[PDB]
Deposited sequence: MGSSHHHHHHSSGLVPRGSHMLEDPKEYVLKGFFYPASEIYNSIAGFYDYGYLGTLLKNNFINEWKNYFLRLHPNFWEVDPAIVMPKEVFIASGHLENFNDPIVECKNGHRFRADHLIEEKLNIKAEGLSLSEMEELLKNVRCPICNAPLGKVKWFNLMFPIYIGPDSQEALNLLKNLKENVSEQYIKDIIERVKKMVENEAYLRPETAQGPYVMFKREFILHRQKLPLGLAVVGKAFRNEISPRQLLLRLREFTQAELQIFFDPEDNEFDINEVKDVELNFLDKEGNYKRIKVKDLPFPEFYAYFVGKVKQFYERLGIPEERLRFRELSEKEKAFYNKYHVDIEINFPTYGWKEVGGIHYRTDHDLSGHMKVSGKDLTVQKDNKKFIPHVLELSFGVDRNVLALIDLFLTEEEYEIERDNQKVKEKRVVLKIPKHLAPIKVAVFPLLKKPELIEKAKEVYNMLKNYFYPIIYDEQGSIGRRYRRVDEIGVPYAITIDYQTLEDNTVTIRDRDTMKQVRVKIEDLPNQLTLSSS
């Protein structure tokens, strides 16, 4: 039951106090911290895969010709409604719409002329909210490739907003109209062994091939070229280190009819959500030279790279991740109702991802303890942020409160703390408490 649970600080219907529009959510104080924890783990893992991988931050709004080249204007449709959001740059749209509402059949041709001319300028001045972040790196490749001394591979990563006018948003963060993607675009020469399969050859993964065979398999045995299998391996290890239960992680190779047309290879990263079942949270797409070729064609700019008296269009390997979907997976996978004297809700999120990592509690709302806890709180601030302080209510009620939102360690000041300067550390999972010298709290 994530729906009511996420209201405890993770995310809420956007502009909750008005009639919220479906497919938009505001992240609360815990949702914001958890998503940034994922984003920073993601950035540090994927950017560090190679010395020439870099984050860029392209603008959300892009010109019409971008999506001529990318094919979104022609093909990005649902039964035909195109899902891209136009944005009308300039004042013509406002003037046009204002004319439209007071319009009547008994007007002069001038009123009609004014409408047609305004719309003529509005369509001319029409851009789009990007429906995916990948287009950013593609249009930035030409300049960035020079700046990094014309080296391949070149990786351009984006962690940013995208927009889709989904007819029927559903299932909280799975199907949104506004969302965050994290995508690494790898521009590379398909004729040299840039990436060493020996780094991941023995990585093991749950693989559902396109014929429906579900198997445990080593990266070296995957039915793909080494450069592609290498990154299936790296992506797997990212999720291993995120702490995803091995049973609930698999990689699904899409068939020729299910995959996007320009993905020569399309493998979805899928997580078995306790509430929704298996759902993709990202994908690994080999797109040959389709992307830069289309942009070279439409833009008129030379997007080729020179090697050995030869010029060619770099190939693209895309590693794409729905950030909001991964965040929902961290909630759904670790939200546990346990019984042992009644039943407690506990968020068993891996410690290194927990939105709030420590809570400090005076055993009782007496100033002799309150003074000691505030001191403890003030020293721990230099080792962790943010930190919860709470002195109100029962100590068991406060323990239950922080377990509900996944805090790994609760620290309690007691009377013995006043004597020997030792506090108790309560482990969120085991619920065991061990006494520790205040000066040994960093360990």
* Structure fact -> Stretches of the deposited sequence lacking C-alpha coordinates, in sequence order, are 1-23, 103-154, 416-424, 528-534
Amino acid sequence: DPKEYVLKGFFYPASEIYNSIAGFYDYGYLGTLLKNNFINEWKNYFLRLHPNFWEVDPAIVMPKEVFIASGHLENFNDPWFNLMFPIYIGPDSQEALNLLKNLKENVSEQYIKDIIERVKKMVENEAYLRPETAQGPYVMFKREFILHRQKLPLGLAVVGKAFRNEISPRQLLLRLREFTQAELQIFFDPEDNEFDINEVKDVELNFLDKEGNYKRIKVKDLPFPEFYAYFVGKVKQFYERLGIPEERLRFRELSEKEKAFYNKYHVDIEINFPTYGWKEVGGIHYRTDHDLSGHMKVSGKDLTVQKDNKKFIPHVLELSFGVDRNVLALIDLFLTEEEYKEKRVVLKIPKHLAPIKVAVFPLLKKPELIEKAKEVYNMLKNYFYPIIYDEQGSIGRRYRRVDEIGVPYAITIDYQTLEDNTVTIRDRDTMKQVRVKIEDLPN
From here on, numbers count along this sequence of modelled residues.
* Would you tell me which stretch averages the higher CA B-factor in the PDB entry, 163-171 or 322-330? => 163-171
* To do: Output the stretch having the higher mean C-alpha B factor in the entry; the candidates are 47-55 and 397-405.
  => 397-405
* From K259, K357, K343, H315, can you pick the one with the highest C-alpha B factor in the entry? -> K343
* Asked: When the CA B-factors of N102, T288, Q237, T275 are compared as recorded in the entry, which is the largest?
  -> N102
* For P367, does the deposited CA B-factor place it in the lowest, middle or highest third of the chain? -> highest
* CA B-factor ranking of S15, expressed as a third of its chain -> lowest
* Taking the entry's C-alpha B-factors for this chain, is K381 in the lowest, middle or highest third? -> highest
* Structure fact -> Entry-reported C-alpha B-factor of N36 relative to its chain, by third, is lowest
* **Third assignment of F67 from its chain's C-alpha B-factors** => middle
